[PDB]
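One structure below.
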Amino acid sequence: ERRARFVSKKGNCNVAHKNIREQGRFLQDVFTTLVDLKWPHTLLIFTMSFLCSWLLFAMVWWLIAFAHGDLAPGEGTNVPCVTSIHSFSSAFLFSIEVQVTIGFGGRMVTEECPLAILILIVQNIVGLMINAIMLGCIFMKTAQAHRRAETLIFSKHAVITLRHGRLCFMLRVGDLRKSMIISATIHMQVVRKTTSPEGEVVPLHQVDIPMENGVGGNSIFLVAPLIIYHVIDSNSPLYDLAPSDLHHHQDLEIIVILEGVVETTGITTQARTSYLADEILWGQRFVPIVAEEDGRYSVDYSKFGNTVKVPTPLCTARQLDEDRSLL
Amino acid sequence: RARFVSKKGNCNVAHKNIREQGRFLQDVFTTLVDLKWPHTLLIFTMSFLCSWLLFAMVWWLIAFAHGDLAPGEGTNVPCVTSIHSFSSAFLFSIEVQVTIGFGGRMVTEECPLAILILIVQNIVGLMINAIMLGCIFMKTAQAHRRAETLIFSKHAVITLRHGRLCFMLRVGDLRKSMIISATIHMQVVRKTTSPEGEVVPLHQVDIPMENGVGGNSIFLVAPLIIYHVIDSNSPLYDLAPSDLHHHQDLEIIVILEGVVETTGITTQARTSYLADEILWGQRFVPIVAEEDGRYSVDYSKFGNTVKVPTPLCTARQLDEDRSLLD
Amino acid sequence: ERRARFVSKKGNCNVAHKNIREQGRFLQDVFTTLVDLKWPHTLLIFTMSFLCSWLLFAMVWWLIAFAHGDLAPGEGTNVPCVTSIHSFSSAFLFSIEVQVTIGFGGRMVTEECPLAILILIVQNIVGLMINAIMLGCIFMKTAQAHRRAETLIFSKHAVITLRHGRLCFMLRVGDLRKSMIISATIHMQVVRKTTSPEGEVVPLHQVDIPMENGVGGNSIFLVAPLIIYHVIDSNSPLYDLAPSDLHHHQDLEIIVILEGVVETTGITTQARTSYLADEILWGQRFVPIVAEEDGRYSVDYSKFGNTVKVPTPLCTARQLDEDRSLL
Amino acid sequence: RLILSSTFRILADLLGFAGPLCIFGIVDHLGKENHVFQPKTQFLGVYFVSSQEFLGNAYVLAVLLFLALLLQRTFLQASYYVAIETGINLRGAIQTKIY
Amino acid sequence: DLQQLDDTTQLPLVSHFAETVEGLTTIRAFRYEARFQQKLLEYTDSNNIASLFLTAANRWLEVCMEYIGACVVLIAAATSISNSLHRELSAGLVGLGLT
Amino acid sequence: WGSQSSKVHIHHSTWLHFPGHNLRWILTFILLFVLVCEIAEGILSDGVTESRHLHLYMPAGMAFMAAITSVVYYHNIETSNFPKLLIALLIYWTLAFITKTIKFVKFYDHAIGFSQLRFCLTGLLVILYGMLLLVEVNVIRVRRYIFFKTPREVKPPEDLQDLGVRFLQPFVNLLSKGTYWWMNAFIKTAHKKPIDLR
């Protein structure tokens with residue numbers, strides 16, 4: 001009726017974590033929690049933190065003025081604790097001036113009441129600390145780089161075809177922006193149900209898939225849309241994959257993880273995708289996407305996931321290897 | 001039995017005879033970040049209270065020397081207006097450095113010495129703020145609290161997988177935020193004597209992760225099983241369940257690294273398994289079970305172990321028995 | 001004469017860059033150069049930047065009041081452009097207040113002169129920009145971690161001796177601080193003026209050296225001092241180091257580079273040392289340093305670099321393979 | 001080292017008698033009914049106090065007694081240790097000589 | 001613990017002296033007097049370091065229990081003088097409060 | 001102090017008392033004693049006037065706090081062999097000596113005379129401040145850390161470097177040589193761990 005992916009086509013790890021024995025670890029890390037939130041949620045916490053701080057000390061200043069006797073609407077017999085305080089509105093407006101450091105000067109702190117001097121110190125230190133903390137969280141949200149990872153693009157359906165005789169699992173990845181991702185590194189994993197001879201039953205086993213690079217490494221230079229193909233050798237877990245068992249309800253999935261730092265902010269990112277068994281086109285190829293032009297190369301992203309059919313065996317690499325050896 | 005690293009990182013090693021040449025405090029800005037938040041608040045408070053009060057004595061003394069402190073008719077032009085007592089000198093120091101600037105206590109043009117101090121207080125006030133903001137930002141980006149949500153099982157197990165013995169282990173991530181570029185290392189801490197008679201007290205021998213590609217890179221979403229295939233090149237190649245008692249010179253250190261996707265700051269999660277924390281011949285229970293719309297990780301069964309049919313002999317005997325049978 | 005060092009015992013590469021066809025790249029990286037400056041030197045640039053900025057606009061404010069006729073002696077009929085400007089000294093003080101945002105308010109900006117409104121706008125934009133520039137430079141200076149490398153410690157001289165039959169160039173590196181260097185890495189290189197059979201002459205050839213790690217990698221875990229040895233196999237460039245030619249005027253040097261991100265700040269650091277020919281002692285081992293206490297270990301950093309005499313063959317590793325093969 | 005032990009003891013012996021002198025000084029000032037009288041001499045109006053008037057106030061002598069007691073009881077104890085440590089070393093160097 | 005360590009460390013010392021006198025001829029015969037002197041230094045040093053800590057413990061107690069006594073003197077003198085100015089102790093019990 | 005809460009190197013760290021460690025403490029204790037005398041005189045004089053006259057003793061009261069920290073600050077620079085921080089201490093002795101001397105000479109201009117105690121104590125403070133100044137300069141002469149290109153660093157004594165030495169009476173600050181403060185840790189250890197030859 002329905003299939004449960006491991007990761008969606010745009011990352012978004014589709015696994016539900018349950019029975020988390022909470023010890024407050026979610027809330028103890030306040031700072032990383034604030035950054036993870038959206039922007040409209042951040043502004044509310046941004047506003048409430050400042051509004052409460054202004055209002056908390058607004059109650060303090062009004063209370064101090066009330067107790068000092070300068071809230072009596074009469075002749076100025078004494079020297080007021082803080083001048084021009086005639087209501088909570090004046091006290092609340094004065095609190096804004098001190099903490100935002102606007103300092104109009106109509107409501108000025110005098111030297112009469114020593115308590116105000118101590119409270120003025122407390123509000124400045126609290127005001128400085130909130131600003132320092134709020135700026136730090138805003139900078140980590142400005143340096144957020146998950147939005148850049150959304151411009152990293154993977155082909156809708158990957159294909160399996162023959163390369164240099166051997167069979168390989170092809171795949172196309174592209175970069176849309178003009179800013180390079182430094183030291184890109186793409187890992188491929190296959191998530192499948194499997195049992196061990198000893199009696200183990202691992203529900204979603206993740207076996208790393210070698211990328212078959214020119215030096216056996218992982219780093220890929222990503223400017224034009226590459227074709228990331230895994231050469232299906234005798235050690236590959238896809239060594240026994242055939243078009244017969246490449247249908248929808250097959251416990252087969254290929255997770256792809258494209259790491260690499262963003263050159264602008266210097267913040268490492270990640271791009272994730274997966275290919276269900278029905279999202280694979282056996283025995284097809286990716287059309288040439290780059291054509292040289294009068295001045296430079298071109299990349300026709302309109303032909304990104306366009307795949308065409310070509311002659312291809314209908315047997316697994318296991319059967320193909322036996323046929324090659326026997327012949 | 002002395003531990004190399006505790007169950008929650010916190011390496012249980014105490015150094016001695018540290019011939020410090022002041023490098024303990026020369027890294028002031030690293031030290032300030034390392035301090036706990038309540039200590040940082042005290043240093044934050046003291047660094048500003050002292051600055052306000054250091055210049056409070058300056059303003060009070062300048063107005064004293066100028067002679068406008070005398071409670072009399074303002075025949076002269078005051079050096080800094082409205083300075084009547086040291087309390088007014090202290091409040092004016094708050095206004096200048098914190099840039100409140102009420103304006104009741106102005107800076108007059110008739111005091112060439114006071115203009116210099118107004119320049120000095122602003123530059124020192126700006127310099128203190130910028131330095132203090134930088135320390136706070138490196139403390140807001142601290143990710144040692146994020147590394148505490150990376151979980152390792154209490155006891156690791158040794159069992160047969162694919163006909164070869166291995167040292168299994170389960171490590172899980174609790175938060176939903178991915179840890180990027182994960183990298184897991186494993187080392188054996190044991191005293192090692194060479195054929196030449198060496199005495200190495202704590203020798204660390206790296207252990208391969210038995211990953212399909214050799215590298216240490218792992219993708220942590222579900223709690224993964226990390227195991228070391230005990231081949232002929234392993235230091236655990238001659239471990240028997242008989243010698244797995246409490247006071248056995250054995251320890252496995254597991255170090256999980258990676259950059260937190262939020263702050264971009266690398267982290268480490270250190271755990272160790274003593275000999276009495278190893279469980280020979282036991283299997284980790286299944287944890288992931290598919291549900292209607294997604295998968296499901298039942299963390300209640302995170303460290304549960306079940307017995308498995310395994311030989312009680314060492315890896316060398318297992319290879320030898322296979323060699324004779326072949 | 002003397003024998004040069006490629007890198008000194010505390011890093012500090014002793015290489016002199018000469019004939020640099022400078023295209024101004026020194027000054028184009030002002031922000032990088034500003035951080036590279038010493039702290040006393042930074043204060044001068046920090047101070048002179050603000051002091052000039054106040055004094056640049058001090059002349060502007062004084063000229064505006066002069067042209068408007070405000071500083072004409074006497075209580076004139078005109079409304080002052082900026083109040084209480086009766087000297088360049090007053091103009092200097094008003095220049096400080098606007099840019100630092102003290103804003104005493106005895107010298108206000110009136111609504112009469114529109115030129116001063118523009119200059120008030122300009123000074124605030126300049127003040128915010130310069131302050132933002134100085135904040136960023138100081139944040140990267142406070143995030144400097146080069147002084148952390150000063151706490152990374154290497155033994156004064158390394159040794160070559162026996163270990164598990166083979167011959168290894170042993171060493172010792174220690175970390176004095178309590179914080180960790182996440183993802184440590186060790187690269188060892190041999191520097192020698194190496195010629196080639198083809199006829200090439202390389203004035204300083206850097207050949208990498210394996211660390212003889214358990215997993216054939218570079219990652220090390222630095223908590224207590226460790227021994228960074230290199231097994232001298234058939235491919236090791238040190239395969240033909242006889243003890244006879246270990247003297248001073250031998251073109252030989254071992255560079256050791258320890259890298260890893262500091263856990264406190266996240267900044268990567270390098271620690272570099274070089275062992276010259278005279279700084280290698282054949283046939284000596286490192287004393288056991290890690291003792292045991294009631295419930296913890298104990299590192300005797302007094303015995304960090306102490307080496308004892310150990311019996312060993314006085315023949316080259318190449319002659320060890322031949323001797324073993326014949327036996 | 002034996003001279004150092006004697007130096008501490010000689011000074012602690014002298015400082016020990018500060019107690020009786022402070023007791024004599026404190027009570028003698030309290031044996032006078034007239035407490036309205038006070039030190040009275042002027043140079044500007046700050047009323048500088050002299051030597052004898054300083055050691056006539058009861059509270060001054062009690063504080064000086066407190067300071068003197070700390071010195072006496074610390075010199076005296078330090079005198080014991082220097083004498084004892086020398087004695088232990090004399091035993092250590094004589095047992096070896098006898099052996 | 002120190003006094004137990006004080007006694008149990010000097011019993012092997014006297015016995016070591018007695019046994020050397022008993023078998024002096026044998027020790028010189030083996031040329032083992034080099035080792036036995038080194039044992040004496042190990043035996044004597046253990047005896048001295050046990051006594052040095054015992055002396056320090058007595059000195060640690062005596063200094064601390066005399067700053068407490070000194071703090072009493074200041075507290076007693078301060079209150080007694082004040083109570084001799086307001087409650088009129090008449091300086092009689094003040095002296096007993098000091099001596 | 002905040003780092004000391006989580007400092008493990010001081011678990012068995014070594015020290016190196018700077019040249020003049022004894023002459024520093026004996027002067028400091030003498031200086032602390034005379035500052036108490038000035039406090040006693042200051043509070044003694046103002047009792048006759050109708051006003052508080054806070055300038056008589058509070059300048060001396062602030063000195064007593066500063067003198068105590070000056071030796072706490074010096075000790076923290078003695079345990080950690082980082083003489084460079086003594087410049088702040090050196091400035092204090094240079095600055096305190098100059099200001100106090102100006103006060104002393106101005107007493108003689110008004111002809112205060114030795115018959116007044118405040119003249120004696122102020123004159124005494126000039127000598128104590130001057131001698132403490134020479135102690136700080138003598139540190140630079142033997143350590144050679146501010147200006148000289150090649151500092152003559154000093155290493156902790158070999159007997160102290162032993163982990164097997166725990167009777168640290170011979171090498172501690174002069175206040176702990178008198179009050180036997182170092183024994184506190186050993187005494188507390190005796191309550192949990194019984195005292196043996198270990």
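Residues in the structure tokens are named by chain (A, B, ... in the order shown) and by number from 1 within that chain; ligands are numbered from 1 in the order shown.
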
Exercise for the section: Compile the residues of chain C that lie within 9 Å of chain A, evaluated using only C-alpha atoms, and express the compilation as a list in words. Expected result: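 Putting it all together, I get residues 101, 102, 103, 104 and 105 of chain C.
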
Handout entry: Ordered Cα pairing of chain C with chain A, RMSD after least-squares superposition
Key = 0.4 Å

Exercise for the section: Determine which residues of chain F sit within 7 Å of chain D, taking into account only C-alpha atoms, and present them as a ChimeraX atom specification. Expected result: /F:40-41,45,115-118,178

Exercise for the section: Write down as JSON, numbers by chain the residues belonging to stretch 9-154 of chain A that are assigned helix (DSSP H, G or I) by DSSP computed on the backbone. Expected result: {"A": [25, 26, 27, 28, 30, 31, 32, 33, 34, 35, 36, 39, 40, 41, 42, 43, 44, 45, 46, 47, 48, 49, 50, 51, 52, 53, 54, 55, 56, 57, 58, 59, 60, 61, 62, 63, 64, 65, 66, 67, 68, 88, 89, 90, 91, 92, 93, 94, 95, 96, 97, 98, 99, 114, 115, 116, 117, 118, 119, 120, 121, 122, 123, 124, 125, 126, 127, 128, 129, 130, 131, 132, 133, 134, 135, 136, 137, 138, 139, 140, 141, 142, 146, 147, 148, 149]}

Per residue of chain C within 9 Å of chain F, which atom pair is closest and at what distance in Å (one decimal), using only C-alpha atoms, listed by chain and increasing number, as CSV?
```
residue,atom,partner,partner_atom,distance
C:176,CA,F:9,CA,8.6
C:177,CA,F:9,CA,8.4
C:178,CA,F:8,CA,7.9
C:300,CA,F:163,CA,8.2
C:302,CA,F:161,CA,7.3
```

Selected residues, C-alpha atoms, written as a PDB file, in the first residue's frame, please.
```
ATOM      1  CA  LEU C 176      50.588  19.860  27.928  1.00  0.00           C
ATOM      2  CA  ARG C 177      47.096  21.373  28.013  1.00  0.00           C
ATOM      3  CA  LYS C 178      43.986  19.535  29.178  1.00  0.00           C
ATOM      4  CA  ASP C 300      56.285  12.162  34.385  1.00  0.00           C
ATOM      5  CA  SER C 302      60.384  15.409  33.709  1.00  0.00           C
TER       6      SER C 302
END
```

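Between atom CA of residue D:26 and atom CA of residue E:93 there is a distance of 12.7 Å.
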
Practice task
Give me the residues within 9 Å of stretch 148-155 of chain C as a ChimeraX atom specification, counting only C-alpha atoms and dropping any in the same chain fewer than 6 places off.
Solution key: /B:23-24,27,30 /C:9-10,171-177,225,258,262,269-273,304-306

Handout entry: Contacts of residue B:286 within 7 Å, only C-alpha atoms, excl. fewer than 2 positions in-chain, as a VMD selection string
Key = (chain A and resid 201 to 203) or (chain B and resid 284 288)

Using only C-alpha atoms, determine which residues lie at most 10 Å from residue A:209, disregarding the query and same-chain residues fewer than 2 positions distant; provide the list as a short mmCIF file (atom, residue, chain, number, x, y, z; two decimals) with N, CA, C and O atoms, in the first residue's frame.
```cif
data_model
loop_
_atom_site.label_atom_id
_atom_site.label_comp_id
_atom_site.auth_asym_id
_atom_site.auth_seq_id
_atom_site.Cartn_x
_atom_site.Cartn_y
_atom_site.Cartn_z
N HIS A 187 29.67 10.06 -0.51
CA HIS A 187 29.57 8.69 -0.04
C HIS A 187 28.26 8.08 -0.50
O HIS A 187 27.22 8.74 -0.54
N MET A 188 28.31 6.80 -0.85
CA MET A 188 27.14 6.06 -1.30
C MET A 188 26.96 4.85 -0.41
O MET A 188 27.91 4.11 -0.16
N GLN A 189 25.73 4.65 0.08
CA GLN A 189 25.41 3.51 0.92
C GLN A 189 24.13 2.87 0.41
O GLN A 189 23.23 3.55 -0.09
N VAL A 190 24.05 1.55 0.55
CA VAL A 190 22.88 0.79 0.15
C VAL A 190 22.18 0.30 1.41
O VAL A 190 22.80 -0.35 2.27
N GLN A 206 23.31 -0.73 6.48
CA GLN A 206 23.95 0.26 5.63
C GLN A 206 25.35 -0.24 5.28
O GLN A 206 26.23 -0.29 6.15
N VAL A 207 25.55 -0.60 4.02
CA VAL A 207 26.84 -1.05 3.51
C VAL A 207 27.37 0.00 2.56
O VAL A 207 26.68 0.40 1.62
N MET A 211 32.82 4.39 -4.78
CA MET A 211 32.44 5.25 -5.89
C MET A 211 33.24 5.00 -7.15
O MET A 211 32.90 5.55 -8.21
N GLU A 212 34.28 4.18 -7.08
CA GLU A 212 35.13 3.88 -8.24
C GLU A 212 35.70 5.16 -8.85
O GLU A 212 35.40 5.53 -9.99
N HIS A 230 29.11 3.66 -9.65
CA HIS A 230 29.76 2.66 -8.82
C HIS A 230 30.01 1.42 -9.65
O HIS A 230 29.06 0.79 -10.13
N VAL A 231 31.27 1.05 -9.81
CA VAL A 231 31.63 -0.13 -10.59
C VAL A 231 31.29 -1.37 -9.78
O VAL A 231 31.85 -1.60 -8.70
N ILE A 232 30.36 -2.18 -10.29
CA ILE A 232 29.84 -3.33 -9.56
C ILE A 232 30.81 -4.50 -9.66
O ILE A 232 30.72 -5.32 -10.58
N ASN A 235 32.86 -7.72 -4.98
CA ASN A 235 32.61 -7.43 -3.58
C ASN A 235 31.40 -6.55 -3.35
O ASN A 235 30.97 -6.40 -2.20
N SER A 236 30.83 -5.97 -4.40
CA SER A 236 29.71 -5.06 -4.23
C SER A 236 28.48 -5.80 -3.73
O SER A 236 28.24 -6.94 -4.13
N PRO A 237 27.69 -5.19 -2.85
CA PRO A 237 26.43 -5.82 -2.42
C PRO A 237 25.37 -5.85 -3.51
O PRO A 237 24.39 -6.59 -3.37
N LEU A 238 25.53 -5.08 -4.58
CA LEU A 238 24.64 -5.14 -5.73
C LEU A 238 25.10 -6.16 -6.76
O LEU A 238 24.61 -6.14 -7.89
N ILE A 254 19.50 3.21 -2.26
CA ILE A 254 20.87 3.67 -2.39
C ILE A 254 20.92 5.09 -1.84
O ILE A 254 20.50 6.04 -2.51
N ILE A 255 21.44 5.25 -0.63
CA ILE A 255 21.61 6.57 -0.05
C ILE A 255 22.86 7.21 -0.63
O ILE A 255 23.89 6.55 -0.81
N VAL A 256 22.78 8.51 -0.93
CA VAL A 256 23.91 9.26 -1.46
C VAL A 256 24.10 10.50 -0.59
O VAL A 256 23.14 11.22 -0.30
N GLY B 212 33.19 -1.18 4.67
CA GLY B 212 33.28 -1.74 3.33
C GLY B 212 34.30 -1.07 2.44
O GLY B 212 34.71 -1.66 1.43
N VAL B 213 34.71 0.15 2.77
CA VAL B 213 35.66 0.91 1.96
C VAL B 213 36.94 1.23 2.73
O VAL B 213 37.76 2.01 2.25
#
```

Using 7 Å as the limit and counting only C-alpha atoms, can you tabulate each residue of chain D that touches chain E, with its shortest atom-to-atom distance in Å and the two atoms involved, as a Markdown table?
```
| residue | atom | partner | partner_atom | distance |
| --- | --- | --- | --- | --- |
| D:23 | CA | E:98 | CA | 6.9 |
| D:27 | CA | E:91 | CA | 6.1 |
| D:30 | CA | E:91 | CA | 5.8 |
| D:31 | CA | E:91 | CA | 6.3 |
| D:62 | CA | E:74 | CA | 6.4 |
| D:63 | CA | E:74 | CA | 7.0 |
| D:66 | CA | E:74 | CA | 6.1 |
| D:69 | CA | E:70 | CA | 6.4 |
| D:70 | CA | E:67 | CA | 6.8 |
| D:73 | CA | E:66 | CA | 6.8 |
| D:74 | CA | E:63 | CA | 6.7 |
| D:77 | CA | E:59 | CA | 6.5 |
| D:88 | CA | E:48 | CA | 6.3 |
| D:92 | CA | E:44 | CA | 6.5 |
```
